[PDB]
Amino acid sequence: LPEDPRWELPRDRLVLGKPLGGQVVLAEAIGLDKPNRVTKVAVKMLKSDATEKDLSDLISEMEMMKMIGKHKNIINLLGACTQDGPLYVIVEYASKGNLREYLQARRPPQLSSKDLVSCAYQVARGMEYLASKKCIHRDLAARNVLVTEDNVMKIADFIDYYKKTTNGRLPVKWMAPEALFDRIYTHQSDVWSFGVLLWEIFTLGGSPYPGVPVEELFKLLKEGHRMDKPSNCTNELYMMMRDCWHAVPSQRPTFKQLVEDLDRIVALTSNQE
C-alpha cells in the first residue's frame, strides 16, 4: 500500500474507542488539521477473519471516497492509516446515529413538519451532489443516512434478495423494479429509493411492506402496487413519493428537481406543528 500524503494520518494520532457497528469504531484523532485538538471520528477496519477481497473492497471504497470530494450532506473522508499496520479508513462522526433510529426515537410517546421536510431536502441535496460526481448509490435508505450532533443529514453506505438487515428488513423493498428485475442501476433507480426514504421520514422510521416476503413483493411490483399515504403527509409530498415511484424511469423527477421542490416546500411548511 502506498502512502498518500493528502490523506495519511500517523497511527499514534488515532485513539481507538467503542465499536459503532467490516467493522466501525468511534475514535479520537489528535491534530487532523491545530495539532493540539482532538476530533471525534469513525474508523472502518477489517474484521479478524477478513479475506484478500475484503481488503481490496476497503481500498476501492477509500479510493472512491477520495474522488467524490466534500459535501455537507455526505459522510466525508477525513484520513487514513495505511502504513505499518491494518488499513483504517477515517470519516466524520455522526453522534445521533442513522436516520431510521433518529426518527423512531423522536416519535410521540420531537420533530415538526418543517424539520421532516428539511431532512428530505438535505438527503436530496447530498444525492444531487453524488449524482453530479457521476455516482450511483444503489442502497439509498434511512439506515444509510447518518445524523450528526447538529442534526445534519449525511449520506453513507454500510446480491441475495432474501438476506435481511440487522433490524429484520429486506433491502429489495427500496429497489426500483428495473434495478431489481433487469439489474439496471441509474440515478433514476436511486430516485425510486429516495421515494421509499421519503415514506420512511414521514412514518418516522416506519418499515416498508411489513410482513411482505420477497416473492410477494415481486408480485406487488408487477401489479403496479404503491405504498399508502402516511398519516401527517401532505397531498403534495405524497405526489412527490408517487412521482419518484413512476413505472417509467425517464418520467421520475431528478435529484436536481427534487432539491428545487423540497427547497420551496421547506419555506412554506410550518414549524408550529
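Quick note: we count residues from 1 along the sequence shown, nothing fancier.
Does the chain run continuously from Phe158 to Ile159, or are deposited residues unmodelled in between? Answer none, 1 to 3, 4 to 9, or 10 or more.
In the record, 4 to 9 residues between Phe158 and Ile159 lack coordinates.
For the stretch from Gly21 to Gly22, please bin the deposited residues that the model skips: none, 1 to 3, 4 to 9, or 10 or more.
Gap between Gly21 and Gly22: 4 to 9 residues without coordinates.
Averaged over C-alpha atoms, is the B-factor higher for 66-74 or for 41-49 in this PDB entry?
In the deposited entry, the stretch with the higher C-alpha B-factor mean is 41-49.
Check the entry's C-alpha temperature factors for 162-170 and 89-97, then say which stretch has the higher mean.
Averaging CA B-factors over each stretch, the winner is 162-170.
Of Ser118, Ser193, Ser132, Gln83, which one's C-alpha B factor is largest in the deposited record?
That would be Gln83.
Comparing recorded Cα B-factors across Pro108, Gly79, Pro177, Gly126, which one is largest?
Most elevated C-alpha B-factor of the set, per the entry: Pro108.
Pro10's Cα B-factor: lowest, middle or highest third of the chain?
Within its chain, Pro10 is a middle-third residue by C-alpha B-factor, going by the deposited values.
Grab the CA temperature factor for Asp33 from the record and place it in the lowest, middle or highest third of its chain.
Top third by C-alpha B-factor.
Which third of the chain does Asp243 land in by C-alpha B-factor: lowest, middle or highest?
Its C-alpha B-factor belongs to the lowest third of this chain's values.
Could you say whether, by C-alpha temperature factor, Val212 belongs to the lowest, middle or highest third of its chain?
Lowest third.
Using only modelled residues of the chain, where does the Cα B factor of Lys114 rank: lowest third, middle third or highest third?
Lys114: CA B-factor falls in the middle third of its chain.
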